[PDB]
């Protein structure tokens, strides 16, 4: 069938050039029966169209009025891929980025829908103040674990910009994990916490290590929670 | 174990099209058989690049 | 000076339809009213299954031929099927009265 | 620009209940250029409906579109567990070129009311050497999403020095969890002894409070 | 080309306009690019879909059958059986294929209308602010930005505003 | 709206004109009031009455009957009997209901013509003595009494007489 | 007269033009005489010949027969025999004669188009170099020899050449 493979999670300094590449498999890129459309998605501004490309004996380029003047969607007939250029990236542009197809035939009219999707790209634009998080251990009190559950956790404080990837025990620990969305403290630095329900009969026979990573500021901390 | 609204000596007929040319021997609510070999009608425009 | 235009559709299509005046008029998209294909396998017409006779015909089926002990089975049917050249019928020669007139009778039960 | 608006924002329906999602347009979208999508949390959306009521390939028959003009409506005949997802309608104009979306509609699967297990943690001694003191309270595995937390420093109700956030509907038990932080300075933490975190929830017969004492 | 637009003075279908069946291509200072028209397009898709749905869904087929076997001694009736089938396969074939061409040429002398229908709105909106080029376009006698262009396509084009500048350039020509 | 007048640039059917199907409303010094046009109307009533009379009176029905009883042992023929009735009730139903829509849309793309037909006579009679308002009306550039109005509707409108006064007011605009 | 030309503002078919179905009559210094148009004519003969060939050659007739004799004791079937013939002679008669009128009025509202189609090419070629007389003719505002006339009929009429002389005589009028 038709699959769209995109670039990995990128990271661009402010005011630089964003460059994402979409690979098409199973469909000729110059197919007169398919359209290539880019759409980005932020949690705040929701889904937003960016631009579309297509070939009818020649290539065309149409971009939404929100990005007119700093965006280009170039194809490549050899690699069977397309790309996206977003120059002068601001903090507004930190979001996901997809690529589309369209075999949505309406007697030749196109609905402008997406019958083929791509998994997505983590596009984080860093800012002026790049600060790493201070990851403090949330050790449980000596009485809140006498029940059936011990509550461990790690505070992730004073970092910017978002987001931060949290992983317990380098990934193996997955049952009972809970990572809350970051809240914007009064200092402009996002704050985030992540806890985990584990049996109280294992706080001395199992080491607990939360692995925190803030990609825009190279930070990678390995703090061990000791109850 | 298919289900159809029409049945011919060669096989069923699924679509709600108003004409068929598979076989004149039908049974059930069937597109009335016609001698046509092609019944394409225009829904767009003349292809004039 | 600035130019604005009026124009219509075109695409990679090679379909051609025929009209009252000219034929092979290439159109951008067309639709077909005619159904040309089957599936090669019988189905449940009306919703309920049909009666499959196989090697035996309607005669021996109602006559219960000793070699059709495999299809005195079905207690509801919307139509009957049989091979174009039935092999096991009225094993003993003789005239079956009003035979053709009964294939429309037992046609559906 | 045509910005869509869907109602309700977040809905909680039991499985099998008929789900109706309206799609209100800021101006008339034509019967041909409406497309719908069903996005699972984290996964990219997929085509559910295009045109106006044209079922996309591989989409079951419970979904069915309807409407015209500036009123469109999404409809699931029998809600399913795999329909825990946010649904977006999508329009496309042609002059000027516009292809926008709406606010999205989260379809939460309604479950029973669950009593939250509370936990509490004092500010770690590592942070006390950084000047800050952050008491962290916690709830877990409760429903519905609404709850109320009141920090009490020395039986004094706090206000303005605490923030909270709730997780999405869990993928296994369909419950939420709530965390409340008490970010204080080092001077305001040592000035007080007892810290109370009070919780009122629908499943809590009475407000269950867990407390500790600084320096103990 | 009944109305004279399709394969008429507009000799070319635009391969680049894929949003719809009818539209405009503008060329001004700020740039160029096609744009399709929804008022004209959607009225046509909906009407034609229904015109297709019309002939499809008026053939009411009762739950019946055809296959009849006759004894070798009812051949006159066995011959009569075929006559009743052939007569329908005579009629339902003739009437259908004649109806196809009809609602083909009736479908080609509809799009020709709406193209011609569109022209005599844009032409009856400027009326002397542009001289008609004849191949299906206009040359504005005045500078027209994308905000002016977009009014020509919508239907709220301003004649009094860009009229004073029109006479000064039409006087030039 | 094929020709583009009915539900076109003339967006409203006049509830006040009951003498005919097409007419004019004039507004001048001496007063106002609708007035229907007989040349256009009568050519349409007579043609349509005949178009109705056409499909009615071409179904030639012979003095025959349908009700046939068959013995229980001619069921194959009793089944054949029904097939001969259903096949007609198949055909005469399909062909009729498709013909209705046809000579419906053929009857709606006739009145649209004559309205458009009428416009391009009144518009091609003044030709610059009035500026077209676009909603299906005219604004005369000169005083036009009821004796001048009545010539526009008849077909003997005087261009040379009211032409000298036209240029003096068209120069004003 | 749908399009309004045939029996419209062109009230007379020219008995003198026998080369084709559409043409022009010019009157200048060098003389006069009719002349028929082949682009318009041939597109019509070929399309109509095919439209005739269309209905003719879609009646597929199988090698069969009708004459059946029944014994006096199969009268119910002998009555059934006639019903199968009359029903066809019912249908194939109704459908045919309704199709005739249709593709008659469809053939009269085609020639009316092409006459009207022709007019709005010659009228959209001079555009002010001649004032339209209304009966289906033009009066050139300038001397036009047979070499100028022949360009109007072909389709390569020169507007810039005979434009300077047009304004000096249009100013006279």
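Chains: A, B, C, D, E, F and G, in written order; residue numbering restarts at 1 for each.
Throughout what follows, a contact is a pair of C-beta atoms (placed from the backbone, for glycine too) under 8 Å apart; a residue touches a chain by one contact, two chains touch by 3 or more.
Just to note, of A-E and C-F, the chains joined by more C-beta pairs in contact are A-E. Put simply, the chain nearest the middle, going by average C-alpha positions, is E.
With each centre defined as the average position of its C-alpha atoms, the distance from subunit E to subunit F rounds to 22 Å. Centre-to-centre separation between subunit A and subunit B, using Cα means, comes to 50 Å. Taking each chain's centre as the mean of its C-alpha atoms, subunit D lies 60 Å from subunit F. Listed for subunit B are residues 17-19, 27-28, 31-32, 34-36, 39-49, each touching two or more other chains. In subunit F, the positions touching at least two other chains are 76-77, 79-80, 84, 87, 90-91, 95.
Residues of subunit A in contact with two or more other chains: 56-57, 62, 106-109, 112. Only residues 54-55, 58-62, 64, 66, 68, 70, 77, 80-81, 84, 87-88, 91-92, 95, 99, 110, 113, 117, 120-121, 124 of subunit G touch subunit E when the two sit together in their complex. Within the complex formed with subunit E, the residues of subunit C that make contact are 1-11, 17-21, 25, 28, 31, 33, 46, 79, 99-100, 103-104, 107. Contact residues on subunit B toward subunit E in their complex (touch as defined above): 9, 16-19, 24-36, 39-49. Contact residues of subunit A toward subunit C in the complex are 32-33, 56, 105, 107-108.
Against subunit D, in their complex, subunit A makes its touches with residues 37, 39, 46-49, 62, 64-65, 98, 104, 106, 109, 111-115, 117-120, 134, 136-141, 144, 149, 151, 153, 155, 157, 178-183, 185, 191, 193, 195, 197.
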